[PDB]
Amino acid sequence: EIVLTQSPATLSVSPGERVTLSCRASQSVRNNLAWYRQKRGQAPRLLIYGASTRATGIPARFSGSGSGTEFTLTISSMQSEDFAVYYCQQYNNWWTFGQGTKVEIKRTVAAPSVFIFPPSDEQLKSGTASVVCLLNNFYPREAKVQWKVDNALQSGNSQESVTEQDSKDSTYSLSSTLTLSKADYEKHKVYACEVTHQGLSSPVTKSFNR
């Protein structure tokens, strides 16, 4: 019941550049604050404890500082391995964690390539229809996908999935899957995926006729 607030939740930084992360406590925690890092498929790793002391094996580009209810973690020059999720933790009263700040790679804006996939006949025979929309290799991550069926906005009937930032070109890709019964599917003609993103002046629509 001591609450740690890490904002912003996401940070975009160009490799080799400086980053500063923030941790705000709802209440004083003295200097009993630590920072951890978590990469994909790895355990969390201790970076800093006692607000400013580096743990064993942690390079000098990592720096912690803070007093009372406001703490920072700064990385003087971002390395490849440094792009990850960072958690603050207080151990003044019980143990509680911030919600984390993800540090992602900053690159040039890239608009998605958009593709729409009608359901397969074999799936239709099974009595269900999945319509898939693909947004390929875009940056930044923020993108909006709207399904329209005969110009009617569809909502609550689709699920989205996003890849982690590509280790090679620093882009994201996203799939949206609209799922209907074969019955409802066959009751409409025009299926469209509408995509909004920074790299696009006008939103892009990919569609097909049943």
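Quick note: we count residues from 1 along the sequence shown, nothing fancier.
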query	finding
Segment of higher mean CA temperature factor, 120-128 or 77-85	120-128
Mean C-alpha B-factor comparison - 65-73 and 27-35, higher one	65-73
Residue with maximal Cα B-factor (values as given in the PDB entry) among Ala51, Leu153, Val162, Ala60	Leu153
Third of chain Cα B-factors occupied by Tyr185	highest
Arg141 by Cα B-factor - lowest, middle or highest third of the modelled chain	middle
Ranked against its chain, the third holding the CA B-factor of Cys193	middle
Position of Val3 among the chain's modelled residues by C-alpha B-factor, lowest, middle or highest third	middle
B-factor third for the C-alpha atom of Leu47 within its chain	lowest
